[PDB]
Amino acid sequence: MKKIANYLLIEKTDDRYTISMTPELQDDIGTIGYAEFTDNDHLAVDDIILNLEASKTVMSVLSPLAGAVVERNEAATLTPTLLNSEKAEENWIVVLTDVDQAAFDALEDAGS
């Protein structure tokens, strides 16, 4: 199941929630040239996940969900090109567990 929040894609697969870039966010910030993750494994809503420098702005990716970080796309720090891609294996940011079902359900559906 796919949701959108904070211009991020959130996909539920079993107990794991993958948070990725969207084309809308890419278009709004421009080309990413730098990407640095925070080291907090227990996120609250609005906690910083990832700091970006891009051609139109710098910004922070803020978590739309409380949860526990199980995977970060640390490849993007070496190769920020990945986060400008359309490919799901390249443009993901983090995977969370220990997410509240109702809080995910309350997000807007991806597409509309």
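So that there is no doubt, residue numbering starts at 1 and follows the sequence shown.
Asker: I need to verify one thing: averaged over C-alpha atoms only, is the B-factor higher for 74 to 82 or for 35 to 43?
Answerer: That would be 35 to 43.
Asker: Which third of the chain holds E90 when residues are ordered by C-alpha B factor: lowest, middle or highest?
Answerer: According to the entry, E90 has a C-alpha B-factor in the chain's middle third.
Asker: Is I19 in the lowest, middle or highest third of its chain when residues are ranked by C-alpha B-factor?
Answerer: Within its chain, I19 is a lowest-third residue by C-alpha B-factor, going by the deposited values.
Asker: Looking at the entry's B-factor column for C-alpha atoms only, identify whether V61 ranks in the lowest, middle or highest third of its chain.
Answerer: It falls in the bottom third of the chain.
Asker: According to the PDB entry, is the CA B factor of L52 in the bottom, middle or top third of its chain, that is, lowest, middle or highest?
Answerer: It falls in the bottom third of the chain.
Asker: Just say lowest, middle or highest third for the CA B-factor of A110 relative to the other modelled residues in its chain.
Answerer: Ranked within chain, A110 CA B lands in the highest tercile.
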